Amino acid sequence: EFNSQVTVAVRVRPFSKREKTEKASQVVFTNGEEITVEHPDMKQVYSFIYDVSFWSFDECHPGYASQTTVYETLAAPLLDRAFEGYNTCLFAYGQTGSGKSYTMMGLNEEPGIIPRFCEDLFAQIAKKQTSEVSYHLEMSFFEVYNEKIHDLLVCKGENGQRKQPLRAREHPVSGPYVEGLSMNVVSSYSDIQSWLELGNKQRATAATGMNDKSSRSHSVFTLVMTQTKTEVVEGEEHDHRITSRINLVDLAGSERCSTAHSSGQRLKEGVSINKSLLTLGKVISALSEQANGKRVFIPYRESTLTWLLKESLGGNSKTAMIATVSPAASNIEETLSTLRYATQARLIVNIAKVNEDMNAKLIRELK
Amino acid sequence: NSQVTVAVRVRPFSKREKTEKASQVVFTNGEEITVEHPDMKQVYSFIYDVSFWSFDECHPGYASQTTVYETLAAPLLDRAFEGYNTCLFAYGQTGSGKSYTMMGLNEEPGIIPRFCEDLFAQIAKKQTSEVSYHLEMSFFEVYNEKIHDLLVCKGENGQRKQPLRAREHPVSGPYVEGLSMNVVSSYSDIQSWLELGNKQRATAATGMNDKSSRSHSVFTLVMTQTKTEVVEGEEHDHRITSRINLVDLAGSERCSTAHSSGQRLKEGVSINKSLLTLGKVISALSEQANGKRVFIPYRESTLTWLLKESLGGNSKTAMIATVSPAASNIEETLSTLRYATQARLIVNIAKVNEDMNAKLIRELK
Ligand SMILES: Nc1ncnc2c1ncn2[C@@H]1O[C@H](COP(=O)(O)OP(=O)(O)O)[C@@H](O)[C@H]1O
Ligand SMILES: Nc1ncnc2c1ncn2[C@@H]1O[C@H](COP(=O)(O)OP(=O)(O)O)[C@@H](O)[C@H]1O
Ligand SMILES: [Mg+2]
């Protein structure tokens, strides 16, 4: 009966060193909810509406959306629903050097969404930690690189090459998953921060022409929260459990080989990123046409990313998209591709449900 | 016209099998003998007339020492005083607790002492100085189809086990030629002779324990009840003789699990043959009591031969089987339980033990 719509949001980034050296023009203007793109040639103007818009272009102009603002507007509802008993997903999308990693992870003195999410989660837990409710939290953090899966939260052994790949499998009920994945327990913010540091140090980064710290890999942060609660029953208590999966996803960029001066491994990994975005795009185009009566088959098996995220793009999750765009005029068509895929993702509808861990057993038939 | 009163008696976990987490295989649901294979390959069911669930105290029906005596042995005493013969067989494997079930310990005593004390008490109560009761006793063993007396001390030799032979008196029935009969008046007089005889009984260290019986044991009480004559003349004219028999058989002992070594293979065969004959006799008597014409094979074993008159006519026969509830002794418990069933066994399987969430059907119905 529920049909949860996907929460699309947009973030305009300020000018970069490259776009200031080449004195590129501003074309992405905002008025609040709406985002418009006045082409330089002045032959046509496009405009798009979204649930949420962020304008980090100027640190002084009114309407400046900060890390705390994007958090409190996007992630806090997802935290409320995750405590309610829903699965949640927040995934970034955009081009190279557009503010996806800065938006989600952030830097040391400019945190992104992930640390704030974990911090507020643990705060609400410590503030609701009664004997009525117990809380158990597991985390995983993994990487997709040249269609191979990798665990980020391990201390690699010394060798000429030490990256042990994992395999993806399909459980008939739970859906796709990764076999051999470290699921580490967490009690408070400190362990989370240490694991995040280890993961962001093990992640794949390189220096390319459009970002010196360009992530060469998709990154997924999974939190499994199990909250146990009681009901006065014929015997002992502690007989309700609610599980929730929170998937925070930072993806890479399209990376045109001409601008991004690339030869060898960068081309190779870059090409892999291009094949991962093409598949993802095709899955967001088929999910936006399957929510309009037309019947379509979503291709999730053509990429490990979309295969693992089968349950988030569709299926059972409350999901949100952060499109990242640059205001320069030298990237208009790529910004527009991002905005068109975001406006199509707006039309996605999922079926989110409470994970009472009791269906078909006894209280399903009570109900 | 009397069928056997077969009864079973499960024992509780001991120290070793409670420490080593040996799981329970024998359970109770009113039939009180259901065996769930630990792999749940088969669920057997062993309906019995009487059964004593001495597994854990908190269950209703914890059959204690007093319970088993007052239930199964005291009728044999009330019947002995009626002028009729009785036999009580004890069957169990090494470790089931047959000794603690029949004899008992200094605490929580057993069938033998309860029977003897109640006998002496009822005698002293019914005694009038016009009626009198006299008790003599004998104690022998059957070994490799041969007879031996247990109350005869032996001298200096390798060993002095002399064989006696059985003979049929045309009226008194079968008996042993050369058996020692000894008078008694109190339970110490019996306990002394028993602690003497169980030292000369046959025992050897086989594949099971070093103290495992390899011979059947018969303990016989002969009771003479004499009443006087009021018409005129001699007393000793109204005499009633009763025979109580307390037997202790050995184990079936399969050779597959115990590579018999020449002399441990001559005793297992004999025991296996005697148990088969005993089973045929009991099944034929049960079928007789339910209105059939059959023939009881007394003659295929010295045991049944000498116990003919105690296993036929107006006599009372009981058999108490002792079993363990551990999964370590499943092959032995099923053996003990199959040799005791005078009915049809019921084997089945269905994994309803764990319906996923508290009897799905109660609300899915
Ligand atoms: N809102 C912002 N304020 C200040 N600097 C920003 C902002 N957004 C992005 N940047 C800068 O731009 C770069 C973003 O690179 P990154 O987001 O990692 O690329 P990608 O999104 O392709 O992974 C960083 O060096 C960061 O300092
Ligand atoms: N029904 C019972 N209840 C409690 N304890 C028992 C029971 N049967 C046996 N036991 C304990 O286990 C032992 C009995 O085993 P035992 O008589 O040595 O076996 P067997 O007589 O077959 O050689 C005794 O030590 C006794 O304390
Ligand atoms: Mg990045």
# chains A, B, ... in the order shown; residues from 1 in each chain; ligands from 1
call {"tool": "residues_around", "arguments": {"residues": "residue 254 (chain A)", "least_positions_apart": "5", "cutoff": "8 Å", "atoms": "only C-alpha atoms", "output": "JSON list (two decimals) with N, CA and C atoms, in the first residue's frame"}}
result
[["chain", "number", "residue", "atom", "x", "y", "z"],
["A", 94, "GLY", "N", 27.24, 12.38, -10.22],
["A", 94, "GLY", "CA", 27.74, 13.61, -10.85],
["A", 94, "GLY", "C", 28.93, 13.34, -11.73],
["A", 95, "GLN", "N", 29.70, 14.38, -12.02],
["A", 95, "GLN", "CA", 30.88, 14.29, -12.85],
["A", 95, "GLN", "C", 32.14, 14.36, -12.00],
["A", 96, "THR", "N", 33.29, 14.34, -12.67],
["A", 96, "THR", "CA", 34.55, 14.45, -11.95],
["A", 96, "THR", "C", 34.71, 15.86, -11.39],
["A", 270, "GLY", "N", 39.38, 4.42, -15.30],
["A", 270, "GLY", "CA", 38.41, 5.40, -15.82],
["A", 270, "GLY", "C", 37.38, 4.72, -16.71],
["A", 273, "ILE", "N", 34.90, 2.93, -14.65],
["A", 273, "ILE", "CA", 33.94, 3.90, -14.06],
["A", 273, "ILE", "C", 32.90, 4.25, -15.13],
["A", 274, "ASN", "N", 33.31, 4.53, -16.35],
["A", 274, "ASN", "CA", 32.37, 4.87, -17.46],
["A", 274, "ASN", "C", 31.39, 3.72, -17.70],
["A", 277, "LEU", "N", 28.86, 3.78, -14.69],
["A", 277, "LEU", "CA", 27.87, 4.88, -14.77],
["A", 277, "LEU", "C", 26.86, 4.60, -15.89]]
call {"tool": "select_by_dssp", "arguments": {"residues": "region 31-236 of chain A", "states": "strand (DSSP E or B)", "output": "number ranges by chain"}}
result
A: 34-38, 45-49, 52-55, 64, 88-94, 106, 111, 133-145, 148-151, 166-171, 175-179, 184-186, 205-208, 211-215, 218-229
call {"tool": "residues_near_ligand", "arguments": {"ligand": "ligand 1", "cutoff": "7 Å", "atoms": "only C-alpha atoms and all ligand atoms", "output": "ChimeraX atom specification"}}
result
/A:13-14,16,56,95-103,211,213-215,252-253
call {"tool": "residues_near_ligand", "arguments": {"ligand": "ligand 2", "cutoff": "6 Å", "atoms": "only C-alpha atoms and all ligand atoms", "output": "PyMOL selection string"}}
result
chain B and resi 11-12+54+92-100
call {"tool": "write_last_selection", "arguments": {"atoms": "C-alpha atoms", "output": "compact mmCIF listing (two decimals), in the first residue's frame"}}
result
# COMPACT_ATOMS: atom_id res chain seq x y z
CA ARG B 11 17.39 -43.59 34.93
CA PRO B 12 18.52 -39.95 35.24
CA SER B 54 12.84 -41.30 37.08
CA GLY B 92 19.13 -54.13 31.74
CA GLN B 93 22.50 -53.37 30.18
CA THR B 94 25.74 -52.37 31.91
CA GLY B 95 25.12 -48.84 33.19
CA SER B 96 21.31 -48.64 33.28
CA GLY B 97 21.02 -49.14 37.04
CA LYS B 98 19.51 -52.62 37.44
CA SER B 99 21.38 -53.03 40.76
CA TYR B 100 20.19 -49.70 42.16
call {"tool": "residues_around", "arguments": {"residues": "residue 249 (chain B)", "least_positions_apart": "3", "cutoff": "12 Å", "atoms": "only C-alpha atoms", "output": "JSON, numbers by chain"}}
result
{"B": [88, 89, 90, 91, 92, 93, 94, 98, 99, 141, 142, 143, 212, 213, 214, 215, 216, 217, 218, 219, 246, 252, 253, 270, 271, 272, 274, 275, 278, 303, 319, 320, 321, 322, 336]}
call {"tool": "interface_residues", "arguments": {"of": "chain A", "to": "chain B", "cutoff": "12 Å", "atoms": "only C-alpha atoms", "output": "list in words"}}
result
residues 234, 235, 239, 357, 358, 359, 360, 361, 362, 363, 364, 365, 366 and 367 of chain A
call {"tool": "closest_atom_pairs", "arguments": {"of": "region 24-135 of chain A", "to": "region 240-245 of chain A", "cutoff": "10 Å", "atoms": "only C-alpha atoms", "output": "tab-separated table"}}
result
residue	atom	partner	partner_atom	distance
A:81	CA	A:244	CA	9.3
A:82	CA	A:244	CA	6.0
A:83	CA	A:244	CA	7.9
A:84	CA	A:242	CA	8.6
A:85	CA	A:242	CA	5.9
A:86	CA	A:244	CA	5.8
A:87	CA	A:245	CA	4.9
A:88	CA	A:245	CA	6.2
A:89	CA	A:245	CA	8.1
A:133	CA	A:241	CA	9.6
A:134	CA	A:241	CA	9.4
A:135	CA	A:241	CA	9.6
call {"tool": "residues_around", "arguments": {"residues": "region 312-316 of chain A", "least_positions_apart": "3", "cutoff": "10 Å", "atoms": "only C-alpha atoms", "output": "MDAnalysis selection string"}}
result
chainID A and resid 4 6 86:91 175 245:247 280 283:284 287 298 300 306 308:309 319:321 345 348:354
